[PDB]
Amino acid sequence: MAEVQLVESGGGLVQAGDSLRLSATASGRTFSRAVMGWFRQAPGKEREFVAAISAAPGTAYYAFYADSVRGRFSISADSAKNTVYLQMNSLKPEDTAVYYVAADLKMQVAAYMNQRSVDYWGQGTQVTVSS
């Protein structure tokens, strides 16, 4: 498949209870009407799905959240700005991980994403939550 360079930003050291926003864009070649998602991974841990997003009619989007982040995280996107976002609220030490943006080109709508079906990964951005 064609080369695509996804780049995550926003990682940092925060405290339990804080909010932190992550963003992701492509460097050069990008997508249009792709199902985008966030995953996270601590060393030795399995890569975990976090949230997914895909375009709906007009300026609306479909979203889907893992149970681990329901009520706390929100995924959004800006078409013109070629960016996808993950607003993390009420962070806790168990959210500590490297967060990766993902694209799965077979999927048509936002839903649960299997890490093994992902076509493109970013390089990841470390999020560290101290108690």
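In this text, residue numbers run from 1 along the sequence as written.
When the C-alpha B-factors of 35-43 and 101-109 are averaged, 101-109 comes out higher.
Of the two segments, 53-61 and 25-33, the one listed with the higher mean B-factor is 53-61 (C-alpha atoms only). Per-chain ranking of the deposited C-alpha B factor places residue 17 in the highest third.
Among the modelled residues of its chain, residue 125 has a C-alpha B-factor that falls in the lowest third, as given in the PDB entry. Looking at the C-alpha B-factors along this chain, the one for residue 79 belongs to the highest third.
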